[PDB]
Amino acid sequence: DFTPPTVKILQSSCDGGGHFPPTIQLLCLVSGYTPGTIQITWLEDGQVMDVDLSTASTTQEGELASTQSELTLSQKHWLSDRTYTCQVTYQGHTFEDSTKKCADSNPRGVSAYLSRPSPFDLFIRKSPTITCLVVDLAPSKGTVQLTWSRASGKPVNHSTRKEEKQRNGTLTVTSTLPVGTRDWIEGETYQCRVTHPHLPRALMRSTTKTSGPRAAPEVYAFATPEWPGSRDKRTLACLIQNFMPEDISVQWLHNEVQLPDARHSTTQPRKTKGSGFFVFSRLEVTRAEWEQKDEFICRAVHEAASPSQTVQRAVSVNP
């Protein structure tokens, strides 16, 4: 029934063109907590700021109370990389949160990408995985460090790096940390921190399960009519659509045996003209295969599908 105070900071957003506002407001929120003596103080690089600079108010609703504090900063100050801490003292105890201008996302043309677990792995193979790919940089001296960490601080299995210099003259490091199935589904957060000796500071990407509403995919499989010239081959295509989140896995099975991934392609999830995503899968098939057993199954693994997180539709070439 007791609800400790929780601290979080919101900030003025950027221009529709990513431009900073003349002034930056930092709104500190201490939402839904068991009413009690509370105080909110702001720190700029570890020091207490003038009371005249932040306006604080608290209100209650029912069994819990909520309070907020707004601080205005000169754009010049916000851009100087000074750190600002919202310090809350609830019932004599201290709760804190900090922020500073967001660092460059693409330092020196460089890019970083951390991805979530594919649905097949998470549900079918039951061996979840997250891959951290860092690209768009040039070879220097010192090596590149990719460490994995969990928000919960809880340990993390042993990852695996594997860079591979590219043609355009850049390097591409890629590590793949394995995650705890349960761990991931519970909403854990896995961050991928990378310190490049050539690059200024540390670049960091964080990943966790989607939160939005779920919606199972609709699966429709079609077989191309015979096309003049190519009589022993046929193409299968299935549209899997109107599903959420966008994360999905597509597999094809023939003769109760699932075929190898290289046997077909699948587009990237793209939104529908309404709610949800759609994907197209294509399987080039052969006469030997359909005269074998004339049924091919387009299977989709999505977290919203039930009972076993999968939905499928079979198709046959002949009528």
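The first residue of the shown sequence is 1; numbering continues from there.
Annotation for 111-119 versus 236-244: the higher mean temperature factor (C-alpha) is found in 111-119. Between the stretches 94-102 and 145-153, it is 145-153 that shows the larger average CA temperature factor. Among 223, 86, 192, 79, the highest C-alpha B-factor in the deposited entry belongs to 192. Going by the entry's values, 135 shows the largest Cα B-factor out of 219, 215, 71, 135. Looking at the C-alpha B-factors along this chain, the one for residue 6 belongs to the middle third.
For residue 52, the recorded CA temperature factor ranks within the highest third of the chain's modelled residues. Ranked against the other modelled residues of its chain, the C-alpha B-factor of residue 75 as given in the entry falls in the middle third. When all modelled residues of the chain are sorted by CA temperature factor, residue 230 is found within the highest third. In this PDB entry, the Cα temperature factor of residue 249 sits in the bottom third of its chain's modelled residues, the lowest group.
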